Amino acid sequence: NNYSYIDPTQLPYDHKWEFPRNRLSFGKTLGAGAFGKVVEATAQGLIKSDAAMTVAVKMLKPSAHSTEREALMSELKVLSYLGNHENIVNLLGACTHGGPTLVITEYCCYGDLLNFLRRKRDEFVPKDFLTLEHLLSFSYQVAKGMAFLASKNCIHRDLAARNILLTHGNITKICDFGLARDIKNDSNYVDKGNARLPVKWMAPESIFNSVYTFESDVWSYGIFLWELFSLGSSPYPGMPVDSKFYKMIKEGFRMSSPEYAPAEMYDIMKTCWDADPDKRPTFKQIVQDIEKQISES
Ligand SMILES: CC(=O)N[C@@](C)(c1ccc(F)cc1)c1cnc(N2CCN(c3ncnn4cc(-c5cnn(C)c5)cc34)CC2)nc1
């Protein structure tokens, strides 16, 4: 074939990103798991020659298999291809010469939104009080970031309040692109792996058939909205993940409206959870909907 879709993970690493690893000073661990960790760090001279800035640095454990090493490089290449957006945790640099690959991203000083909502829950106002206006703004910003990803033919596959971070100026940023994929060629992705999965955030077709699409990211956005307007409650309260859970989801059980969700935001949630993926809204449509809500506020 003389025309093809360019696979961003096949492109060369662009050395414009390269930063000297001796100019990083690691601080505390921000997240940790089986394969590696993300740490806070000081980067000396990263943007301005004479200034230090705080960054986040993603790194694998020395024992990481080659499956994990290439996945980290692939994530670096996807972030390089996507480009910059206000509502994602942006790539700032990488250390790839010789030693372990380090991926340097923006640091979000307020941490993840799930923990933020839970801390602010008891003083929420339906001073520095969380308000409904904050929640509408966060819903809008995450929709904008996801619309951006979809516009680049990318899916995230783990959208959840725990993977939205908060930084200065009430700006929310989507983080953790380890499972993000460009799906330009086939319009879906079939997960063949065997890791633990975020079942309560997954579309039914992802649970039952391992298929991930633009539309399954939209399902997870609906679950995120329920977390958001519930001020950080866990989804499907009182329902463990077991045979009954899957049966109920398949038969059409859905969560009810959070107490603080405006009717038009619960309306979005319900459409995000349509059993038919074709009936779910796109992120582009969601952005326009929330825009209209904010302007009428
Ligand atoms: C399955 C798995 O192993 N995942 C691994 C463990 C993984 C790791 C390495 C690897 F190579 C492959 C996978 C994983 C992947 N991402 C992450 N994070 C996403 C990025 N993040 C942040 N970014 C930017 N700023 N920021 C600020 C805070 C913060 C916290 N408190 N306060 C006050 C601020 C947090 C972050 C937080 C965690 N944490 C672990």
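The analysis underlying the following values was restricted to heavy atoms, covering all of them including side chains, and did not include hydrogens, waters or symmetry mates. Counting starts at 1 for both ligands and their atoms, following the listed order. Residues: numbered from 1 along the sequence shown.
Residue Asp176 approaches ligand 1 through these ligand atoms, each under 4.0 Å from one of its heavy atoms: 15 (C), 16 (N). Below 4.0 Å from some heavy atom of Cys175 lie the following atoms of ligand 1, by number and element: 19 (C). Taking every heavy atom of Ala56 and a limit of under 4.0 angstrom, the matching atoms of ligand 1 come to 23 (N), 24 (C), 25 (N). Numbered from 1 in the order shown, with element, the atoms of ligand 1 that lie under 4.0 Å from a heavy atom of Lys37 read 8 (C), 9 (C). Ligand 1 places these atoms under 4.0 Å from at least one heavy atom of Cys109: 33 (C). Of all atoms in ligand 1, listed by their number and element, those nearer than 4.0 Å to a heavy atom of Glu106 are 24 (C), 25 (N). Close contacts between ligand 1 and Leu165 involve ligand atoms 21 (N), 22 (C), 23 (N), 24 (C), 25 (N), 26 (N), 36 (C) [criterion: under 4.0 Å to a heavy atom].
For the residue pair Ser139 and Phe229, the shortest heavy atom distance occurs at CB-CE1, 4.5 Å.
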- Please walk me through it: do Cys272 and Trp219 pass side chain to side chain contact (heavy atoms under 4.5 Å, CB included)? CA-CA 5 Å; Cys272 289; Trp219 178 289; 5.6 Å; no
- Query: What's the verdict on salt bridge (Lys or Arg N to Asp or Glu O under 4.0 Å) for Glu291 and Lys284, showing C-alpha distance, side-chain angles and the deciding distance?
  - Reply: CA-CA 11 Å; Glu291 266 190 42; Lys284 181 175 195 302; over 6 Å; no
- Message: One pair to check against ring pair (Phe, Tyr, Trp, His ring centres under 6.0 Å): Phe148 and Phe283. What are the steps and the verdict?
- Response: CA-CA 9 Å; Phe148 170 77; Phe283 282 115; over 10 Å; no
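When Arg162, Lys58, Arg69 are checked for heavy-atom proximity to atom 10 (C) of ligand 1, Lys58 turns out nearest.
The salt bridge (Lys or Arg N to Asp or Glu O under 4.0 Å) with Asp176 is formed by just one residue from the set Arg162, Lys58, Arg157; it is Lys58. A side-chain contact (heavy atoms from CB on, under 4.5 Å) with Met269 is found for exactly one of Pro258, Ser257, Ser256, namely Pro258.
Considering both main-chain and side-chain atoms, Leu60 never comes within under 3.5 Å of ligand 1 through any nitrogen or oxygen pair.
Within a 6.0 Å sphere centred on NZ of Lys270, heavy atoms belonging to other residues, nucleotides or ligands number more than 12. Heavy-atom neighbours of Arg23 CZ from other residues, nucleotides or ligands within 6.0 Å: at or below the threshold of 12.
Counting heavy atoms closer than 4.0 Å to ligand 1, residue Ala32 contributes backbone atoms (N, CA, C, O) but none from C-beta onward. Under 4.0 angstrom from ligand 1, the non-hydrogen atoms of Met59 all belong to its backbone.
Ring pair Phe116/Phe138 is perpendicular by interplanar angle, where above 60° counts as perpendicular and below 30° as parallel.
Residue contact annotation: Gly178 has no non-hydrogen atom under 4.0 Å from ligand 1. Heavy atoms of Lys173 come nearer than 4.0 angstrom to ligand 1 in no pair at all.
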